[PDB]
Amino acid sequence: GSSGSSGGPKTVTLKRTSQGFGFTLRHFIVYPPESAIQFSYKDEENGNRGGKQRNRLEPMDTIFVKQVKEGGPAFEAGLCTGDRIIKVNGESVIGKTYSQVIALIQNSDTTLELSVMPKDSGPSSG
């Protein structure tokens with residue numbers, strides 16, 4: 001018997017340990033301006049607000065995992081590499097940005113719940 005979940009959303013719980021949670025994400029697809037470069041040299045840059053007229057076609061596809069510590073929370077939860085994030089802290093992060101889910105992971109308080117989507121797999125039949 002047994003199976004790698006036959007239909008349904010995957011859920012993984014993590015416990016706040018050493019700030020991090022074993023696994024990690026990948027830096028957000030930078031969104032630098034094509035032509036500009038005329039604002040300070042070494043300092044933050046305005047992000048929020050701007051102008052609801054054109055709006056650059058930003059990427060923001062998915063979070064996607066990077067690595068999974070060896071002997072951490074995620075590792076236990078059953079996380080891995082390549083697993084894409086769909087939900088976070090029972091919070092719908094569909095239209096949310098990586099900068100959002102991040103806070104969620106940081107606002108995990110005690111534990112940090114996540115959710116991915118396992119693909120069809122089966123090395124053995126049984």
# chains A, B, ... in the order shown; residues from 1 in each chain; ligands from 1
>>> select_by_dssp(residues="chain A", states="strand (DSSP E)", output="ChimeraX atom specification")
/A:12-15,87-88,91-92,111-115
>>> closest_atom_pairs(of="stretch 46-77 of chain A", to="stretch 2-22 of chain A", cutoff="8 Å", atoms="only C-alpha atoms", output="JSON lines")
{"residue": "A:68", "atom": "CA", "partner": "A:22", "partner_atom": "CA", "distance": 5.7}
{"residue": "A:69", "atom": "CA", "partner": "A:22", "partner_atom": "CA", "distance": 4.5}
{"residue": "A:70", "atom": "CA", "partner": "A:22", "partner_atom": "CA", "distance": 7.4}
{"residue": "A:71", "atom": "CA", "partner": "A:22", "partner_atom": "CA", "distance": 7.7}
{"residue": "A:72", "atom": "CA", "partner": "A:22", "partner_atom": "CA", "distance": 4.8}
{"residue": "A:73", "atom": "CA", "partner": "A:14", "partner_atom": "CA", "distance": 5.0}
{"residue": "A:74", "atom": "CA", "partner": "A:22", "partner_atom": "CA", "distance": 5.5}
{"residue": "A:75", "atom": "CA", "partner": "A:22", "partner_atom": "CA", "distance": 6.8}
{"residue": "A:77", "atom": "CA", "partner": "A:12", "partner_atom": "CA", "distance": 5.1}
>>> write_last_selection(atoms="C-alpha atoms", output="PDB file, in the first residue's frame")
ATOM      1  CA  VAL A  68      16.808  21.446   2.727  1.00  0.00           C
ATOM      2  CA  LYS A  69      19.025  21.316   5.792  1.00  0.00           C
ATOM      3  CA  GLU A  70      20.058  17.875   6.981  1.00  0.00           C
ATOM      4  CA  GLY A  71      18.448  17.314  10.359  1.00  0.00           C
ATOM      5  CA  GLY A  72      16.208  20.360  10.543  1.00  0.00           C
ATOM      6  CA  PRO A  73      12.458  21.036  10.605  1.00  0.00           C
ATOM      7  CA  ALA A  74      11.676  21.174   6.905  1.00  0.00           C
ATOM      8  CA  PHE A  75      13.779  18.067   6.406  1.00  0.00           C
ATOM      9  CA  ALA A  77       8.268  17.877   7.658  1.00  0.00           C
TER      10      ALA A  77
END
>>> atom_distance(atom1="atom CA of residue A:90", atom2="atom CA of residue A:60")
20.5 Å
>>> closest_residue(among="A:100, A:110, A:53, A:35", to="residue A:87", atoms="only C-alpha atoms")
A:100
>>> closest_residue(among="A:111, A:81, A:62, A:124", to="residue A:94", atoms="only C-alpha atoms")
A:62
>>> decode(residues="stretch 23-46 of chain A", atoms="C-alpha atoms", output="mmCIF file, in the first residue's frame")
data_model
loop_
_atom_site.group_PDB
_atom_site.id
_atom_site.type_symbol
_atom_site.label_atom_id
_atom_site.label_comp_id
_atom_site.auth_asym_id
_atom_site.auth_seq_id
_atom_site.Cartn_x
_atom_site.Cartn_y
_atom_site.Cartn_z
ATOM 1 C CA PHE A 23 15.180 24.785 4.118
ATOM 2 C CA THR A 24 15.517 28.062 2.254
ATOM 3 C CA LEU A 25 14.131 30.036 -0.663
ATOM 4 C CA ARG A 26 15.725 31.674 -3.680
ATOM 5 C CA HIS A 27 16.315 35.402 -3.957
ATOM 6 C CA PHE A 28 13.419 37.121 -5.683
ATOM 7 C CA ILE A 29 13.880 37.644 -9.403
ATOM 8 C CA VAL A 30 15.408 41.105 -9.260
ATOM 9 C CA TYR A 31 13.329 43.700 -11.068
ATOM 10 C CA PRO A 32 15.776 46.445 -12.062
ATOM 11 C CA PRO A 33 14.779 49.232 -14.460
ATOM 12 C CA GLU A 34 15.840 48.890 -18.079
ATOM 13 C CA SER A 35 17.104 52.438 -18.446
ATOM 14 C CA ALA A 36 17.628 54.700 -15.456
ATOM 15 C CA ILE A 37 20.372 54.575 -12.851
ATOM 16 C CA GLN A 38 20.114 58.008 -11.279
ATOM 17 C CA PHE A 39 19.221 57.501 -7.636
ATOM 18 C CA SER A 40 21.927 57.402 -4.992
ATOM 19 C CA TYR A 41 24.838 54.995 -5.214
ATOM 20 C CA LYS A 42 24.512 52.757 -2.179
ATOM 21 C CA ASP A 43 21.145 52.931 -0.457
ATOM 22 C CA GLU A 44 17.656 51.465 -0.470
ATOM 23 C CA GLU A 45 15.257 52.244 -3.291
ATOM 24 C CA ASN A 46 11.577 53.128 -3.359
#
